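When we count neighbours, we look across all protein chains shown, and the Cβ atoms used for this are built from the backbone with ideal geometry, even at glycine. No value in this document is a laboratory result; all are computed from the given coordinates.
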Amino acid sequence: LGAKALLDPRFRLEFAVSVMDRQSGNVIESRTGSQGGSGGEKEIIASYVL
Amino acid sequence: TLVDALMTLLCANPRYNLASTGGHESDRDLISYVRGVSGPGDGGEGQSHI
């Protein structure tokens, strides 16, 4: 991992997903690391981002 | 989660939520079940996720 961090651009960032309300810019829910979510939770996020 | 609860009894080091990653890795600890941590809360100090 380290020898990726030190020489490759796209390994210097952690990615995260957030949910925002139309009527409010306040976070409704944001997820990264320790998903702790059912299998069905994953596949939605997957398909939508892709 | 029900199956995870049962699995804590039969195993030396049961891998919780295994079927989420097709056999790759486990995501959840043991304590969060006791704490009833309903997913990862929002970063605005949260406390609504436990």
Taking residue A:11 as the residue in question, decide whether it is more than 14 Å from chain B (Cβ to nearest Cβ), without any contact (Cβ under 8 Å) to a residue 60 or more places away in the chain and in contact with a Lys or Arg (Cβ under 7 Å, 6 or more places away or on another chain).
yes
Looking at the stretch B:14-50 only, could you name the residues that are more than 19 Å from residue A:45 (Cα to Cα), assigned to a helix (DSSP H, G or I) and at the interface with chain A (Cβ under 9 Å from one of its Cβ atoms)?
B:32
Show the residue pairs meeting these rules: Cβ distance below 7 Å; 6+ apart or different chains; first residue within the stretch A:32-50 and more than 10 Å from residue B:20 (Cα to Cα); second residue among the acidic types (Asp, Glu).
A:32/A:14; A:34/B:27; A:35/B:27
State which residue is nearest to residue B:46 (Cα to Cα) when the search covers only the stretch A:23-37 and only residues that are surrounded by 13 or more Cβ atoms within 10 Å (Cβ to Cβ) and over 12 Å from the mean Cα position of the chain (by Cα).
A:27
